[PDB]
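Participant: To kick things off, part of the complex as it is:
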Amino acid sequence: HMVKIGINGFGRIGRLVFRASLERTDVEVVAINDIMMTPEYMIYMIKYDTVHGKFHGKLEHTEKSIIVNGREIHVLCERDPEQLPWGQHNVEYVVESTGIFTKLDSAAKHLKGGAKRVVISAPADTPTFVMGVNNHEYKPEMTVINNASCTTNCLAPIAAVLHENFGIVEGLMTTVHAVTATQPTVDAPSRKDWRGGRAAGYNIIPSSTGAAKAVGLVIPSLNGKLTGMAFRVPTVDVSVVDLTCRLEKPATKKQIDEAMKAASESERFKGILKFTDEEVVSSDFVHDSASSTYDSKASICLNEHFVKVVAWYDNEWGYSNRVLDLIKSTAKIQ
Amino acid sequence: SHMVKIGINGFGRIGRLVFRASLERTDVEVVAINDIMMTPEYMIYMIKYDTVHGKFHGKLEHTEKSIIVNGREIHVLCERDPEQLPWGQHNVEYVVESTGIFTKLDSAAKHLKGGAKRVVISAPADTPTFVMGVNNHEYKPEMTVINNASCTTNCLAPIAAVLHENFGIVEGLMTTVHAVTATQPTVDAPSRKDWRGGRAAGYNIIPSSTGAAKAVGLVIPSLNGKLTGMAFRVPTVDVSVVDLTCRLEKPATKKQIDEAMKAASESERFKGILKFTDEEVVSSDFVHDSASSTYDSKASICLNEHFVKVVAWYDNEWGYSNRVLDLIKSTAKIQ
Amino acid sequence: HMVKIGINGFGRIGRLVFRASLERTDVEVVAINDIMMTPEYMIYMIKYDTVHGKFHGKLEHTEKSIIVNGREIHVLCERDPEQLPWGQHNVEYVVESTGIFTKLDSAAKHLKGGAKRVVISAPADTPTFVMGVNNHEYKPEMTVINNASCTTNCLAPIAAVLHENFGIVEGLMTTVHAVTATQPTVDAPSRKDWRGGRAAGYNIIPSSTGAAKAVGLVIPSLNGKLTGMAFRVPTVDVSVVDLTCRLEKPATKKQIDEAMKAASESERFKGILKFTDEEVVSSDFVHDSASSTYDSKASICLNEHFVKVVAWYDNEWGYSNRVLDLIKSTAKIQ
């Protein structure tokens, strides 16, 4: 009946995918692997959250399990995903959220232990999906997929509405992004992203992202039409997309607002793309499960063909919820 | 002449840093300071310690009505109303109007009543607007009250000038990711004119309005109506960054754009005002960098030869404060 | 049937008192004054909160009121408390939380408007109360009282337990305190308190507090036995008391832990003084209504007569609930 899930990497995304799994009855986490955590430590990690507040529910552990609201969840213990006995616990989907196995060569190792399918919680050299955008393109032969990046999940629904209604001639994207675990507290090594090693809480930090190019993977007609970059800034969670586009068809501000609003009420995007015309700031989206919230009042245009659209996203919570949505969506496809 | 004598109204982030910078050059001196929330004793403390630009090194003393900085007396005034300030009495030629509350010509002009000769408003204002390196030569000697634009306009306009003169900017949209400033509160608090702006500064990304990009069309008139923009205030204590997305008329390869910026940074016109980097910089790398604008070639990107996103950094406190003094020096030569 | 409350100063305390008032059926806010807010602005302020999250109910407004979960609350915008029409809306208690009427002379002006009693949300030259500590000392002739400071409400219950069980010979307190509205975001003027003008988010800032001296006002036998200081540090909310004591009688760690735990379960301190033995940090107390949470793991001693007790407090939410508690407590006294 329920889709049984294992989590590899019980981190920000792993633990919030876990929390979200507790709030819906169609999906459940039955096993967790994190080589940095014992069951008693996992319980501590679940219980308290700087961003998303305290867990409310019963938490206990055994030597090899945690017990959440009276339900046993098996705690595995292997550094090497090839050694994880997912099959022993009837795990159908593994959420690959360590941040270190985002290549197909790595993520596929979960299959060896009998997981049926893997969702990588990051861009990867695998089929890429964004709920509301291309999740219906999933094919049952695909055993390893990814849910793209948080930024892609914010941008793609916005781009979809813009392109469908007005046509994106070309776009340049900036995302102003909260800190994440990849950044250090002080100036420290980060050999693949130099700027990314600078003290996270005390700098605006340019970062590369592939989100805007990536949108061509989920909206093929936008391939080659977007590119972008990022600034990491000192906030603990919630990020924002700043998408500057030339549009083919003229759009009044009212027409863009109305298209976003319509989209947010549509079957396709309900709960994924949201709308606001209020005077919001980033903390207002903490624990908002949208992939994207269009900010009517912050979005501007120079003229009817050149616009800057602003869209908010809880990079932790929205994405985690989308991971579960993608598991549910694709699980019906056998 | 020999030294332009300056009075500072509002001894705040900009006022005190204009003061500090004035000590580093011999062609200008501050001879009077007015700040309604400070005593001479308090002013010395303000000068001495600075969370961002570090400790003052130099001698600081005060009297009942003066501060003494490296042995030199600076008169401390005390008037809430600019109309009351005896600037002429203290031989003040230029007033730096940096309170943040007299950015209207109607208020800032009142410094003239007390005998100041010229006034430079440290903010956008309904007056002639200047950005050093871009239009300071358009200054006319009859311009008695002028402004030095915003920190953001001072960062954006040099970039826009280089792009426009080389390739022609058809249209542009600007975002600035901006450090917090005194206008934001530490906790969610009233801001009746800018609601978002009342939210806790240190804990939010806050969209904010800015006329900086439109203002570029005032300092570069052929760009009037071709630019607009906005801001996100983020939790950094100082240093901000401009993100200009524009369509170019002539094609520009990345190399061309890189070369244009570099050549501009070396030119007499922009030297020290527009700088160039190709290094992996982040915002704190520009703390106490007196540039108006540092072009970031590695962070700047483009989609094609007519559609580009240029990234440029500015110490919103220190670059601006130095440009205020540059503007004073420049315009003082025009009588 | 229900104590009717007016709020003067709809700030961090004012708005959170208001939120707290929605969760209990024995008090209700029927009028709000704030000179910086239209009704429209007031519901914005309620709706979104950087620290305590978005309002979960429904908000509307009129030209003269706000409507909160369908209940109309009259709204005012009058600078002078003497001019507030509290009586016309049958306000019994006024919460004086502007921060600028913290003197008997000023705060008493509310009674001229027909309010019956006033609770000043800060130390003042009025009878001073701390729930759980001296609130039963209230006398019906006391028409203007105060609820002390957030720090006093944290320190006093901890001090009470220590002093009553073991006797405090002497105590020296430090509070590591979150930033508040009294601090600026950049180095700015603060003529009365020079350090207090320094950029709040980028400094550890020594500050003077009266809290430890204040505890003599609610625990007379401790008068002259405590003093202390504060460091303001860059957190948006939640503070912690660090109280170093010489005890008259010896106390083992166990005895201190169990005395605090017992106190936390007593009817006297239940919900006021709480206990933890978990690995908590400050964000774990965001929206914790305790005045004080004794931290058993963080508290240390050198020996049985020399201890350092650590106690957490949400300086916004704890105190705000205590204001409603004090109103409730004293209203019974006629």
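Facilitator: Sure, I can see it. Residues are numbered from 1 along each chain as shown, chains lettered A, B, ... in the order given.

Participant: Residue A:268 should be in a helix, yeah?
Facilitator: No - counting by DSSP: H, G, I helix; E, B strand; the rest coil, residue A:268 falls outside a helix, being coil.

Participant: That one: how many residues sit nearby?
Facilitator: Using other C-beta atoms under 10 Å in any protein chain shown, residue A:268 has 14 neighbouring residues. Using the backbone N, CA and C atoms, a C-beta is placed for each residue, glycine as well.

Participant: Could you report the separation of it from chain C?
Facilitator: With distances taken as C-beta to the nearest C-beta, to the nearest Å, residue A:268 is found 25 Å from chain C.

Participant: repeat for residue A:42
Facilitator: Remark: distance between residue A:42 and chain C (C-beta to the nearest C-beta) = 13 Å.

Participant: Contact partners for that residue?
Facilitator: A:10, A:32, A:34, A:61, A:66, A:75 (C-beta atoms under 8 Å, 6 or more residues apart in numbering or on different chains).

Participant: Please give me every residue in contact with residue A:237.
Facilitator: Listed by C-beta under 8 Å, 6+ apart, the contact set of residue A:237 reads A:51, A:178, A:286, A:314-317.

Participant: thinking again about what came up before, quick check, nearest of the contacts of residue A:42 to residue C:267?
Facilitator: residue A:61 (32.9 Å; C-beta to C-beta).

Participant: which residue packs closest to that closest one, ignoring adjacent ones?
Facilitator: Once flanking residues are discounted, residue A:61 sits nearest to residue A:39: 3.7 Å by C-beta to C-beta, 6 or more residues apart in numbering or on different chains.

Participant: so that neighbour touches residue A:75, yeah?
Facilitator: Yes - Residue A:39 is in contact with residue A:75 according to C-beta atoms under 8 Å; the separation is 4.7 Å.

Participant: Tell me the residues that contact both of those two, please.
Facilitator: Common contact partners of residue A:39 and residue A:75 (C-beta under 8 Å, 6+ apart): A:61, A:64-66.

Participant: now whatever residue of the stretch 51-200 of chain A ends up closest to chain B: how far from residue A:219?
Facilitator: Residue nearest to chain B within the stretch 51-200 of chain A (C-beta to the nearest C-beta): residue A:194, separated by 4.1 Å. Using C-beta to C-beta, to the nearest Å, residue A:194 is found at 31 Å from residue A:219.

Participant: Compare neighbour counts for those two and give me the winner.
Facilitator: Neighbours were counted for residue A:194 and for residue A:219 using other C-beta under 10 Å; residue A:219 has more, 22 against 15.

Participant: Any figure for the gap between the more buried one and residue B:216?
Facilitator: As judged by C-beta to C-beta, residue A:219 and residue B:216 stand 33 Å apart.

Participant: swap in residue A:40?
Facilitator: Here residue A:40 is placed at a distance of 59 Å from residue B:216 (C-beta to C-beta).

Participant: Check residue A:213 too.
Facilitator: Here residue A:213 is placed at a distance of 30 Å from residue B:216 (C-beta to C-beta).

Participant: ok, now how distant is the residue nearest to residue A:61 from chain C?
Facilitator: In this view, residue A:39 and chain C are 15 Å apart by C-beta to the nearest C-beta.

Participant: near chain B, which residues of the stretch 151-300 of chain A show up?
Facilitator: A:170-172, A:174, A:176, A:194-195, A:198-199, A:202-206, A:225-229, A:231, A:233-235, A:238-240, A:242, A:244, A:246, A:279-283, A:295, A:297-298, A:300 (C-beta under 8 Å from any C-beta of the partner chain).

Participant: hmm, try it at 7 Å
Facilitator: When proximity is defined as C-beta under 7 Å from any C-beta of the partner chain, the stretch 151-300 of chain A approaches chain B at A:170, A:172, A:174, A:176, A:194-195, A:198, A:202-206, A:227, A:229, A:231, A:233-235, A:240, A:242, A:244, A:246, A:279, A:281-283, A:295, A:298, A:300.

Participant: The following sequence is to be added as chain D:
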Amino acid sequence: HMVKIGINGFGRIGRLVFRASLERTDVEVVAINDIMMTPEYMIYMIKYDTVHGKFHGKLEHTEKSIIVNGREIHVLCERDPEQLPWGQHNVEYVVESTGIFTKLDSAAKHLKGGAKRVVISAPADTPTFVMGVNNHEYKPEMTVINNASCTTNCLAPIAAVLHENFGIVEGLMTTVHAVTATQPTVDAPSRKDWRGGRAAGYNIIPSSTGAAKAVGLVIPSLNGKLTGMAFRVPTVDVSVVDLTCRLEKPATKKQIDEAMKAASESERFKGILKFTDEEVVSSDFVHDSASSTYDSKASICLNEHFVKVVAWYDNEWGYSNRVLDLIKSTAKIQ
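Facilitator: Let me put chain D in with the others:
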């Protein structure tokens, strides 16, 4: 002539010891090992410093060295210290600042590669030194020593002064401490210190420190008379000690200020312990090379036996300068 130094672990302490070494002609760094940095990345990390500002000089690199102000410094990449060829570069002292070789046996591994002496940049169970307090107890058989913690270097001079003038009967210390590299930017694993895993920039975090006990080793008569703890708070650098102690001989505030002032002017403590009576905050000590600055205005007493002394320290810069001072001091002893 100069003492030739190798640095193992080119992190916050490593790099700042390096910068400080350029400002004095009696010591020079000739070799650097960091397993997370190429020479190219190394000069980036020197060039830009979030806290201490841009390197003013010019940097280049080769495949095996960095060039600083025209001078070649050899770059090693060995995870295992026993494989580091210090002797080949005539390295006398190794600064062991990786944070992971803080044991006698691990730090001694540098001797195998031909280093003559090792200074561990951290608490260790080795001979422990605080400049100004016990550096003259160094003996030449001590080939592996440590320079204590930043906190011990702040506290020890303060304790020495109190104890020598008034006698410390007992003391409890808190340090309110800047974030360091051991803390993550988001809630992350910290198996041996649960609280230390919580998001650094968004919490007041109780932490343990052995500084107070350690002062008992550096000042033997204080053994067993001090203990303490820490709160990590969101600042990028600079920390403060809050020492609450009981004095044997009664002391007035005046007598304490005068003792601290006299000490600060002594040959023994000049540049090490400083004195202020100004309204300072933590950023005022950024790049202040003192081990300790006694804050006369913030320090308080309850009575003449019971005092709370506040002392500031740039935990990065003061400490890094002390490392070089200790090397200079002990190098003379052969």
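
Participant: Check the contacts of residue A:42 one more time with chain D there.
Facilitator: The neighbourhood of residue A:42, defined by C-beta atoms under 7 Å, 6 or more residues apart in numbering or on different chains, consists of A:10, A:32, A:66, A:75.

Participant: Tally up the residues packed near residue A:98, please.
Facilitator: When neighbours are counted by other C-beta under 10 Å, residue A:98 comes out with 25.

Participant: May I ask you to confirm that it is in contact with residue A:10?
Facilitator: No - contact criterion C-beta atoms under 7 Å: residue A:98 and residue A:10 do not qualify, at 9.0 Å.

Participant: Tell me who's in contact with residue A:301.
Facilitator: Residue A:301 makes contact with A:253, A:307-308, according to C-beta under 7 Å, 6+ apart.

Participant: And those, which of them are buried?
Facilitator: A:307-308 (16 or more other C-beta atoms under 10 Å in any protein chain shown).

Participant: Closest to chain D out of the contacts of residue A:301?
Facilitator: The nearest member of these to chain D, counting by C-beta to the nearest C-beta, is residue A:308 at 28.9 Å.

Participant: Double-check residue A:328 against residue A:3; I have them as touching.
Facilitator: Yes - between residue A:328 and residue A:3 there is a contact under C-beta under 7 Å: 6.4 Å.

Participant: and the residue in the stretch 51-200 of chain A positioned nearest to chain D, backbone torsions?
Facilitator: With C-beta to the nearest C-beta, the shortest gap between the stretch 51-200 of chain A and chain D falls at residue A:189, namely 3.6 Å. Dihedral angles of residue A:189 (phi, psi; degrees, to the nearest 10) stand at phi -60, psi 150.

Participant: Not counting its neighbours along the chain, what's nearest it?
Facilitator: residue D:36 (3.6 Å).

Participant: Give the burial count for the one you found, as a bare number.
Facilitator: Residues lying near residue D:36 (other C-beta under 10 Å) number 17.

Participant: wait, doesn't it sit right on residue A:191?
Facilitator: Yes - in this structure, residue D:36 is within contact of residue A:191 by C-beta under 7 Å, at 6.4 Å.

Participant: quick one, which of residue A:328 and residue A:3 is more surrounded?
Facilitator: Ranked by neighbour count (other C-beta under 10 Å), residue A:328 and residue A:3 place residue A:3 first, with 20 against 16.

Participant: That one and residue A:329 touch, don't they?
Facilitator: No - in this structure residue A:3 lies outside contact range of residue A:329 using C-beta under 7 Å: 10.4 Å.

Participant: which residues does the closest residue to chain D within the stretch 201-334 of chain A contact?
Facilitator: Chain D sits closest to residue A:201 of the stretch 201-334 of chain A, with a gap of 4.0 Å, by C-beta to the nearest C-beta. Contact partners of residue A:201, counting by C-beta under 7 Å, 6+ apart, are A:179, A:185, A:234, D:185, D:201, D:234, D:236.

Participant: rerun at 8 Å
Facilitator: Counting by C-beta under 8 Å, 6+ apart, residue A:201 touches A:179, A:185, A:234, D:179, D:185, D:200-201, D:234, D:236.

Participant: Pull the number of nearby residues for the residue lying closest to residue A:47 once chain neighbours are set aside.
Facilitator: Leaving aside its sequence neighbours, residue A:47 sits nearest to residue A:55 (C-beta to C-beta, 6+ apart; 4.8 Å). Number of residues near residue A:55 (other C-beta under 10 Å) recorded here: 19.

Participant: now do residue A:130
Facilitator: For residue A:130, the count of nearby residues is 27 (other C-beta under 10 Å).

Participant: just residue A:113 next, same as before
Facilitator: Residue crowding around residue A:113 was assessed by other C-beta under 10 Å; the count is 21.

Participant: same check, this time on residue A:14
Facilitator: Counted with other C-beta under 10 Å, residues neighbouring residue A:14 total 26.
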